[PDB]
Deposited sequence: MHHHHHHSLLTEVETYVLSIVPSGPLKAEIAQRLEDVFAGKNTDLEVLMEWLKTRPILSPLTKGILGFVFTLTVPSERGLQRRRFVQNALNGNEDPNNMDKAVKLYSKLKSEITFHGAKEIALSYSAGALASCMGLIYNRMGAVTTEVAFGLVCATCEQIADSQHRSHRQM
């Protein structure tokens, strides 16, 4: 699907360049192509990768948890970060909005108004309330969060 391939592109955009990036991709694709499952061994593999910042692991964990038909703590930790107020004050308002969105694009457009921090905080909390938004909308958020992070790594 164009959508899944688009998401994966956004997701992949934050992983550092290397062989892992191509491995992480293959996984994302098998998961997308409807192949196997056992998110367990997947999250296990995912939580033991050397080079991936914790935030990258959280987002990947979120994505896999979202695409693979259980609330691992390393996913919750990395996403919530320092639970810095405001980040949490925004993610809550972003969250209340996303509950009303239905399209991947309506969702990504709004989520891109918020900072990387509040976004990760918004993902981290929807990770506990996964049925609060649709999969597409959730995707919109993920993508928006990867562009905000990619742009943060840019301002160097």
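**Student:** List in ascending order the stretches of the deposited sequence, numbered from 1, that lack C-alpha coordinates.
**Tutor:** Several regions go unmodelled: 1-6, 76-80, 168-171.
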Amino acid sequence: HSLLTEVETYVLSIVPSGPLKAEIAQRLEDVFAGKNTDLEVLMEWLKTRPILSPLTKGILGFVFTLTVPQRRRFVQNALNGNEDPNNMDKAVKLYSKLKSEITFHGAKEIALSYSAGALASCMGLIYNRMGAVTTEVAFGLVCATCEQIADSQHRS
From here on, numbers count along this sequence of modelled residues.
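**Student:** Comparing 138-146 with 13-21, where is the mean C-alpha B-factor higher?
**Tutor:** If you average the C-alpha B-factors of 138-146 and of 13-21, the larger mean comes out for 13-21.
**Student:** Can you let me know which of the two, 39-47 or 91-99, has the higher average C-alpha B-factor in the entry?
**Tutor:** In the deposited entry, the stretch with the higher C-alpha B-factor mean is 39-47.
**Student:** Out of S115, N128, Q70, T56, which shows the largest CA B-factor listed in the entry?
**Tutor:** Among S115, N128, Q70, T56, the highest C-alpha B-factor in the entry belongs to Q70.
**Student:** I'd like to know which of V63, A33, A120, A107 has the highest C-alpha temperature factor in the PDB entry.
**Tutor:** Out of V63, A33, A120, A107, the record gives the largest C-alpha B-factor to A33.
**Student:** Sorting the chain's modelled residues by C-alpha B-factor, tell me whether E8 ends up in the lowest, middle or highest third.
**Tutor:** Tercile = lowest for this residue's CA B-factor.
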